[PDB]
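Text of the file data_21.csv, holding CSV, C-alpha atoms and all ligand atoms:
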chain,number,residue,atom,x,y,z
A,3,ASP,CA,22.2,70.4,76.4
A,4,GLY,CA,22.9,74.0,77.1
A,5,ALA,CA,23.5,74.9,73.5
A,6,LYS,CA,20.2,73.5,72.4
A,7,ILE,CA,18.4,75.7,74.9
A,8,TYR,CA,20.6,78.7,74.2
A,9,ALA,CA,18.8,79.0,70.8
A,10,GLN,CA,15.7,80.1,72.8
A,11,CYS,CA,17.7,82.8,74.7
A,12,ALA,CA,19.0,84.2,71.4
A,13,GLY,CA,15.4,85.1,70.5
A,14,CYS,CA,15.5,88.0,73.0
A,15,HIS,CA,19.0,88.3,74.5
A,16,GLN,CA,20.5,87.4,71.1
A,17,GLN,CA,23.7,85.4,70.6
A,18,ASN,CA,25.7,88.3,71.9
A,19,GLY,CA,24.0,88.2,75.3
A,20,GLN,CA,23.5,92.0,75.2
A,21,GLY,CA,19.8,92.0,74.6
A,22,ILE,CA,17.8,95.1,73.6
A,23,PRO,CA,17.9,98.5,75.3
A,24,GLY,CA,14.6,99.0,77.1
A,25,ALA,CA,13.3,95.5,76.5
A,26,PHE,CA,15.8,92.8,77.2
A,27,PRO,CA,18.8,93.1,79.7
A,28,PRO,CA,22.3,91.8,79.0
A,29,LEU,CA,23.8,88.6,80.4
A,30,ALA,CA,27.5,88.9,79.6
A,31,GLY,CA,29.2,90.5,82.6
A,32,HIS,CA,26.0,90.4,84.6
A,33,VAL,CA,25.5,86.7,85.5
A,34,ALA,CA,28.6,86.9,87.7
A,35,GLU,CA,27.1,89.9,89.5
A,36,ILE,CA,24.1,87.9,90.5
A,37,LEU,CA,26.2,84.7,91.3
A,38,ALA,CA,28.1,86.8,93.8
A,39,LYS,CA,24.9,87.6,95.7
A,40,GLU,CA,23.5,85.4,98.4
A,41,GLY,CA,20.7,83.4,96.6
A,42,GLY,CA,21.6,84.8,93.2
A,43,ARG,CA,21.9,81.3,91.8
A,44,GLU,CA,18.3,80.6,93.0
A,45,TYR,CA,17.1,83.7,91.3
A,46,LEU,CA,18.7,82.6,88.0
A,47,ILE,CA,16.6,79.5,88.2
A,48,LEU,CA,13.4,81.2,89.3
A,49,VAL,CA,13.8,83.8,86.5
A,50,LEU,CA,13.9,80.9,84.1
A,51,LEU,CA,11.2,78.6,85.5
A,52,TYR,CA,8.8,81.5,86.1
A,53,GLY,CA,10.6,84.7,85.1
A,54,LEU,CA,10.4,88.3,86.0
A,55,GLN,CA,8.3,91.3,85.0
A,56,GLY,CA,8.9,95.0,85.8
A,57,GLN,CA,11.2,97.9,85.0
A,58,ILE,CA,14.6,96.7,86.2
A,59,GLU,CA,17.6,99.0,85.9
A,60,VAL,CA,20.8,97.4,84.8
A,61,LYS,CA,23.8,99.7,84.7
A,62,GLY,CA,21.4,102.7,84.7
A,63,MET,CA,19.4,101.3,81.8
A,64,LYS,CA,15.8,100.5,82.5
A,65,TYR,CA,13.8,97.8,80.7
A,66,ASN,CA,10.2,96.8,80.3
A,67,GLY,CA,9.7,93.2,79.5
A,68,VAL,CA,9.1,89.8,81.0
A,69,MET,CA,11.2,86.6,81.3
A,70,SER,CA,9.8,83.6,79.4
A,71,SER,CA,8.6,80.9,81.8
A,72,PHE,CA,10.6,77.9,80.6
A,73,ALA,CA,8.6,75.5,82.8
A,74,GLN,CA,7.9,73.4,79.8
A,75,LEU,CA,11.6,72.5,79.6
A,76,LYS,CA,13.1,69.7,81.7
A,77,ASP,CA,15.0,70.5,84.9
A,78,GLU,CA,18.2,69.2,83.4
A,79,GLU,CA,17.7,71.5,80.4
A,80,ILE,CA,17.1,74.5,82.5
A,81,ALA,CA,20.2,73.8,84.5
A,82,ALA,CA,22.2,73.0,81.3
A,83,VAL,CA,21.5,76.4,79.7
A,84,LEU,CA,22.4,78.1,83.0
A,85,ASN,CA,25.7,76.3,83.2
A,86,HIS,CA,26.3,76.9,79.5
A,87,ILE,CA,25.7,80.7,79.6
A,88,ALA,CA,27.8,81.1,82.8
A,89,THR,CA,30.8,79.3,81.2
A,90,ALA,CA,30.2,80.8,77.7
A,91,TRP,CA,31.0,84.4,78.7
A,92,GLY,CA,33.2,83.1,81.4
A,93,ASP,CA,31.1,84.9,84.0
A,94,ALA,CA,31.4,81.8,86.2
A,95,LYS,CA,35.2,82.4,86.3
A,96,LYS,CA,34.7,85.8,88.0
A,97,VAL,CA,33.3,84.2,91.2
A,98,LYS,CA,34.9,82.1,94.0
A,99,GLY,CA,33.9,78.5,93.8
A,100,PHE,CA,31.3,78.4,91.1
A,101,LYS,CA,28.8,75.6,91.8
A,102,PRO,CA,27.3,74.1,88.6
A,103,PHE,CA,23.5,74.2,88.4
A,104,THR,CA,22.0,70.9,89.2
A,105,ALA,CA,18.5,69.6,88.4
A,106,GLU,CA,18.0,69.3,92.1
A,107,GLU,CA,18.0,73.1,92.5
A,108,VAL,CA,15.5,73.4,89.6
A,109,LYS,CA,13.2,70.8,91.0
A,110,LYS,CA,13.0,72.4,94.5
A,111,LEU,CA,11.9,75.6,92.9
A,112,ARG,CA,9.6,74.0,90.3
A,113,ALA,CA,7.6,72.5,93.2
A,114,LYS,CA,7.2,76.0,94.7
A,115,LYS,CA,4.6,77.6,92.3
A,116,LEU,CA,5.4,81.3,92.2
A,117,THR,CA,4.8,84.1,89.7
A,118,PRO,CA,7.3,86.3,87.7
A,119,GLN,CA,5.5,89.3,89.3
A,120,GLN,CA,6.5,88.0,92.8
A,121,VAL,CA,10.0,87.3,91.7
A,122,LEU,CA,10.4,91.0,91.0
A,123,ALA,CA,10.3,91.6,94.8
A,124,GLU,CA,12.9,88.8,95.4
A,125,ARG,CA,15.2,90.4,92.8
A,126,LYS,CA,14.8,93.9,94.4
A,127,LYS,CA,15.4,92.4,97.8
A,128,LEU,CA,18.9,91.4,96.7
A,129,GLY,CA,19.4,95.1,96.0
A,130,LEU,CA,18.9,94.7,92.2
A,131,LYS,CA,16.9,97.7,91.0
B,35,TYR,CA,-15.2,106.7,54.5
B,36,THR,CA,-12.2,104.7,55.9
B,37,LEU,CA,-12.5,102.1,53.1
B,38,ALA,CA,-12.6,105.0,50.6
B,39,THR,CA,-9.2,106.2,51.8
B,40,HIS,CA,-5.7,104.9,52.6
B,41,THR,CA,-6.9,104.7,56.2
B,42,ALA,CA,-8.2,101.2,55.4
B,43,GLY,CA,-4.6,100.1,55.7
B,44,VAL,CA,-5.0,100.0,59.5
B,45,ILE,CA,-7.4,97.2,59.0
B,46,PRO,CA,-5.9,93.6,58.8
B,47,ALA,CA,-5.6,92.1,55.3
B,48,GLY,CA,-8.4,89.8,54.0
B,49,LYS,CA,-5.9,87.4,52.6
B,50,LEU,CA,-4.9,84.5,54.9
B,51,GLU,CA,-1.3,84.1,55.7
B,52,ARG,CA,-0.9,81.0,57.9
B,53,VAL,CA,2.5,79.5,58.6
B,54,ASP,CA,4.2,77.3,61.1
B,55,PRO,CA,4.7,79.2,64.5
B,56,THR,CA,7.2,76.6,65.6
B,57,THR,CA,10.0,77.2,63.0
B,58,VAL,CA,8.9,80.7,62.0
B,59,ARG,CA,11.4,81.9,64.6
B,60,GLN,CA,14.2,79.8,63.1
B,61,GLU,CA,13.5,79.8,59.4
B,62,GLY,CA,11.8,82.6,57.5
B,63,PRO,CA,11.5,86.4,57.3
B,64,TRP,CA,11.0,86.4,61.1
B,65,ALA,CA,14.2,84.5,61.8
B,66,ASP,CA,16.4,87.5,61.3
B,67,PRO,CA,15.9,90.9,63.1
B,68,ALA,CA,18.3,92.5,60.6
B,69,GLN,CA,16.4,91.9,57.4
B,70,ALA,CA,13.1,92.6,59.0
B,71,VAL,CA,12.6,95.8,56.9
B,72,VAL,CA,12.4,94.9,53.2
B,73,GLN,CA,11.5,97.4,50.5
B,74,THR,CA,8.5,96.1,48.5
B,75,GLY,CA,7.8,99.1,46.3
B,76,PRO,CA,8.2,102.9,45.8
B,77,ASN,CA,8.4,104.4,49.3
B,78,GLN,CA,6.9,101.1,50.5
B,79,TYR,CA,8.7,98.9,53.1
B,80,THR,CA,7.4,95.6,54.6
B,81,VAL,CA,8.4,95.0,58.2
B,82,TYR,CA,8.3,91.5,59.6
B,83,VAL,CA,7.5,91.6,63.3
B,84,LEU,CA,7.7,88.5,65.5
B,85,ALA,CA,5.6,88.8,68.6
B,86,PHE,CA,6.9,86.1,71.0
B,87,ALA,CA,6.7,85.5,74.7
B,88,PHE,CA,6.6,89.1,76.2
B,89,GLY,CA,8.7,90.4,73.4
B,90,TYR,CA,8.8,91.8,69.9
B,91,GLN,CA,11.4,91.3,67.2
B,92,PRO,CA,13.0,93.4,66.0
B,93,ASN,CA,13.2,95.9,68.8
B,94,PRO,CA,13.1,98.8,68.7
B,95,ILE,CA,11.2,98.7,65.4
B,96,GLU,CA,12.9,101.6,63.5
B,97,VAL,CA,11.0,102.7,60.5
B,98,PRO,CA,11.0,105.9,58.3
B,99,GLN,CA,8.1,108.4,58.3
B,100,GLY,CA,6.2,109.5,55.3
B,101,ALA,CA,6.4,106.0,53.8
B,102,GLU,CA,4.0,103.1,53.6
B,103,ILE,CA,5.0,100.5,56.1
B,104,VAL,CA,3.6,97.0,55.6
B,105,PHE,CA,3.6,95.5,59.1
B,106,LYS,CA,3.5,91.7,59.1
B,107,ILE,CA,3.3,90.5,62.7
B,108,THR,CA,3.0,86.9,63.7
B,109,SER,CA,3.2,84.9,66.9
B,110,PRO,CA,5.3,81.7,67.5
B,111,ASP,CA,3.6,80.9,70.9
B,112,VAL,CA,0.3,82.2,72.2
B,113,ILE,CA,-2.1,85.0,71.2
B,114,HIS,CA,-0.9,88.5,71.2
B,115,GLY,CA,-2.0,92.0,70.1
B,116,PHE,CA,-0.4,94.8,68.1
B,117,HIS,CA,-1.9,97.9,69.6
B,118,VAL,CA,0.7,100.7,69.1
B,119,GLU,CA,-0.1,103.5,71.6
B,120,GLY,CA,-0.3,106.7,69.8
B,121,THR,CA,-1.4,105.2,66.5
B,122,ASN,CA,-4.4,103.6,64.8
B,123,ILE,CA,-2.7,100.2,64.8
B,124,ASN,CA,-4.9,97.8,66.6
B,125,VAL,CA,-4.7,94.3,65.2
B,126,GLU,CA,-4.7,90.9,66.7
B,127,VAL,CA,-1.6,88.6,66.5
B,128,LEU,CA,-2.5,84.9,66.3
B,129,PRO,CA,0.0,82.0,66.6
B,130,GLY,CA,1.3,81.1,63.1
B,131,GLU,CA,-0.9,83.8,61.6
B,132,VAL,CA,0.6,86.7,59.9
B,133,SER,CA,-1.4,89.8,60.5
B,134,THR,CA,-0.7,92.3,57.7
B,135,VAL,CA,-1.4,96.0,58.3
B,136,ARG,CA,-0.3,99.0,56.2
B,137,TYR,CA,0.5,102.1,58.2
B,138,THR,CA,1.9,105.5,57.3
B,139,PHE,CA,3.8,107.3,60.1
B,140,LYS,CA,3.4,111.1,59.6
B,141,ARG,CA,5.1,111.9,62.9
B,142,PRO,CA,8.4,110.6,64.5
B,143,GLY,CA,9.0,109.7,68.1
B,144,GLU,CA,9.0,106.6,70.3
B,145,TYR,CA,5.8,104.5,70.4
B,146,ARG,CA,5.1,101.6,72.8
B,147,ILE,CA,3.2,98.6,71.6
B,148,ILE,CA,0.4,97.4,74.0
B,149,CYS,CA,-0.4,93.7,73.7
B,150,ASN,CA,-4.1,93.7,74.6
B,151,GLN,CA,-4.4,90.0,74.1
B,152,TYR,CA,-3.6,87.8,77.2
B,153,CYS,CA,-0.3,85.9,77.5
B,154,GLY,CA,1.1,84.6,80.8
B,155,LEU,CA,1.4,86.4,84.1
B,156,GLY,CA,3.5,89.2,82.5
B,157,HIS,CA,1.1,90.0,79.7
B,158,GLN,CA,0.6,93.5,81.0
B,159,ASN,CA,4.3,94.2,80.7
B,160,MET,CA,4.5,93.0,77.1
B,161,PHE,CA,5.3,96.4,75.7
B,162,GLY,CA,7.2,96.6,72.4
B,163,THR,CA,9.2,99.6,71.3
B,164,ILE,CA,8.7,101.4,67.9
B,165,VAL,CA,11.0,104.2,66.8
B,166,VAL,CA,10.0,106.2,63.7
B,167,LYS,CA,12.8,108.1,62.1
B,168,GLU,CA,12.4,111.7,61.2
C,1,LIG,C1,12.0,86.9,75.2
C,1,LIG,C2,11.0,86.0,74.7
C,1,LIG,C3,13.0,86.3,76.1
C,1,LIG,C4,13.6,85.1,75.9
C,1,LIG,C5,13.4,84.1,74.9
C,1,LIG,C6,14.5,84.9,77.1
C,1,LIG,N1,14.5,86.0,77.9
C,1,LIG,FE1,15.5,86.4,79.5
C,1,LIG,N2,14.6,88.1,79.8
C,1,LIG,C7,13.7,88.7,79.0
C,1,LIG,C8,13.2,89.9,79.5
C,1,LIG,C9,12.2,90.8,78.9
C,1,LIG,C10,13.9,90.1,80.7
C,1,LIG,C11,13.7,91.3,81.6
C,1,LIG,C12,12.4,91.3,82.3
C,1,LIG,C13,12.0,92.7,82.7
C,1,LIG,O1,11.3,92.9,83.8
C,1,LIG,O2,12.3,93.7,82.0
C,1,LIG,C14,14.7,89.0,80.8
C,1,LIG,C15,15.6,88.8,81.9
C,1,LIG,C16,16.5,87.7,82.1
C,1,LIG,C17,17.4,87.6,83.2
C,1,LIG,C18,17.4,88.4,84.4
C,1,LIG,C19,18.2,89.7,84.2
C,1,LIG,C20,18.3,90.6,85.4
C,1,LIG,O3,17.7,90.2,86.5
C,1,LIG,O4,19.0,91.6,85.4
C,1,LIG,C21,18.0,86.4,83.0
C,1,LIG,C22,19.1,85.8,83.8
C,1,LIG,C23,17.5,85.9,81.7
C,1,LIG,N3,16.6,86.7,81.2
C,1,LIG,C24,17.9,84.7,81.2
C,1,LIG,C25,17.4,84.1,80.0
C,1,LIG,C26,17.9,82.8,79.5
C,1,LIG,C27,18.9,81.9,80.1
C,1,LIG,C28,17.1,82.6,78.4
C,1,LIG,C29,17.1,81.3,77.5
C,1,LIG,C30,16.9,80.1,78.3
C,1,LIG,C31,16.2,83.7,78.3
C,1,LIG,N4,16.4,84.6,79.3
C,1,LIG,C32,15.3,83.9,77.2
C,1,LIG,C33,13.2,88.1,77.8
C,1,LIG,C34,13.6,86.9,77.3
C,2,LIG,CU1,1.0,89.1,74.5
C,2,LIG,CU2,-0.7,90.1,75.8

What does the file become when written as structure tokens?
Ligand code: HEC
Ligand code: CUA
Amino acid sequence: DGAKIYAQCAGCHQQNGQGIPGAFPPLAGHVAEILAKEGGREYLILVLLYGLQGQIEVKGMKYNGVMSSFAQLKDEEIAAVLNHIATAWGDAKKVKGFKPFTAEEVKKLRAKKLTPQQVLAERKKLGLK
Amino acid sequence: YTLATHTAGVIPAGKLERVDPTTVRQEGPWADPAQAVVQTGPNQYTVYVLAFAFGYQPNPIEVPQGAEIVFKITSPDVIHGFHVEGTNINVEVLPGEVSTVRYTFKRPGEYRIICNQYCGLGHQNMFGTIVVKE
């Protein structure tokens, strides 16, 4: 389920979802920001399946880490943790018509072998520094 | 001459410290980023560092200067490296292996850890943060 996988997220983003300044970005009050973007939900899956690696700047704070490629997890698990985190902080309630993550969306991206270094561009294309 | 001085601390311990890399991040001294720094003697503090996927726990690693810091780094996934830029710390971090290194910071500031050992596509961005208190 989403809670079972959440334990892995706590290793870097912690149970608070704040992360570490200069290493791990926050999730609380940030997932909604991405969900409001066109293709933001796809990025959330891509950042989990493959990840991201660069020096992103969230709220003016720059980081320097890499997302863990949870490709070893099942599609259902990846979607479960995404749904769990979005509803946990209630970030999914700050958007209009939140669509729960389905294994279908994970599968379509899992088939497309990409790299976290390439996802960096996709993220920046959305306007996310 | 290095072995005839405290400088030999930068060299990994000869004693084997093998554990389970699977539960090491759920149960043990590496399961809590708060109690990572434990005093083990007069002006001696042992710091447990968990080097996971593109990250280091705790972070930033805040430690006092002028004291003997016993760094115990281990990996719960793949091979990693603890090469702190600006120091003499250059030890390999194997999965389930606790690499013990004794360092003594004589100067404060922010140091970045360079993981020389490969690890995924973002191995080059695996830079940990160390902050020695003045
Ligand atoms: C350390 C081993 C991590 C674990 C475990 C998880 N994440 Fe992570 N995440 C990590 C880093 C270093 C970064 C930033 C990458 C960089 O270039 O600095 C991230 C980022 C995310 C993001 C994107 C944030 C953004 O674009 O602003 C998300 C959405 C995210 N992480 C989610 C997430 C989830 C759900 C996790 C558990 C399944 C998880 N991360 C674990 C490092 C680590
Ligand atoms: Cu970890 Cu290179």

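Once all atoms listed in the file are considered, the residues situated within 10 Å of the file point (2.6, 101.2, 57.7) turn out to be residues 43, 44, 78, 79, 80, 81, 97, 98, 99, 100, 101, 102, 103, 104, 105, 106, 123, 134, 135, 136, 137, 138 and 139 of chain B.
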
Find the nearest atom pair between each residue of chain A and ligand LIG 1 (chain C) for residues within 6 Å, count all atoms listed in the file, give distances in Å to one decimal, sort rows by chain and ascending number, and present the table as a tab-separated table.
residue	atom	partner	partner_atom	distance
A:7	CA	C:LIG1	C30	5.8
A:8	CA	C:LIG1	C29	5.5
A:10	CA	C:LIG1	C29	5.0
A:11	CA	C:LIG1	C29	3.2
A:13	CA	C:LIG1	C5	4.9
A:14	CA	C:LIG1	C1	4.3
A:25	CA	C:LIG1	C9	5.4
A:26	CA	C:LIG1	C9	4.5
A:27	CA	C:LIG1	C19	5.7
A:46	CA	C:LIG1	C22	5.3
A:54	CA	C:LIG1	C12	5.2
A:55	CA	C:LIG1	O1	3.6
A:56	CA	C:LIG1	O1	3.8
A:57	CA	C:LIG1	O1	5.1
A:58	CA	C:LIG1	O1	5.6
A:65	CA	C:LIG1	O2	4.6
A:66	CA	C:LIG1	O2	4.1
A:67	CA	C:LIG1	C9	3.5
A:68	CA	C:LIG1	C12	3.9
A:69	CA	C:LIG1	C7	4.0
A:70	CA	C:LIG1	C3	5.3
A:84	CA	C:LIG1	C27	5.9

Please check which residues have atoms at most 8 Å from (-0.5, 106.1, 72.0) in the file's coordinates, counting only C-alpha atoms, and write them as a PyMOL selection string. chain B and resi 118-121+145-146

Tell me which of B:165, B:87, B:71, B:128 sits closest to ligand LIG 2 (chain C), counting only C-alpha atoms and all ligand atoms. B:87

Show me, as a list in words, the residues of chain B whose atoms get within 6 Å of chain A, using only C-alpha atoms for the distance check.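 Only these qualify: residues 87, 88, 156, 159 and 160 of chain B.
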
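Of the listed residues B:140, B:59, B:114, B:167, the one whose atoms come nearest to ligand LIG 2 (chain C) is B:114, with distances taken using all atoms listed in the file.
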
With only C-alpha atoms as the atoms that count, which of A:97, A:111, A:122, A:105 lies nearest to residue A:39? A:97

Exercise answer, 12 Å around ligand LIG 2 (chain C) with all atoms listed in the file, as a PyMOL selection string: (chain A and resi 67-68+70) or (chain B and resi 84-90+108-117+126-129+147-162)

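One finds atom CA of residue A:95 at 8.1 Å from atom CA of residue A:34.
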
Nearest to residue A:38, chosen from A:3, A:93, A:108, A:87, with only C-alpha atoms counted in the distances: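 With only C-alpha atoms as the atom set, the closest residue is A:93.
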
One number please: atom CA of residue B:122 to atom CA of residue B:64, in Å, one decimal.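 Taking atom CA of residue B:122 as the start and atom CA of residue B:64 as the end point, the length is 23.4 Å.
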
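The residue that comes closest to residue A:88, out of A:113, A:33, A:5, A:15 and on the basis of all atoms listed in the file, is A:33.
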
Measure the distance from atom CA of residue A:72 to atom CA of residue A:85 in Å and round it to one decimal. 15.4 Å

May I ask which of the residues A:130, A:116, A:94, A:82 is the closest one to residue A:37, counting only C-alpha atoms?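 When distances to residue A:37 are compared using only C-alpha atoms, the smallest one comes from A:94.
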
Got a sec: who's within 10 Å of residue B:68, counting all atoms listed in the file, leaving out chain neighbours fewer than 4 positions off, as a list in words?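 My reading of the contact set: residues 63, 64, 72, 91 and 92 of chain B.
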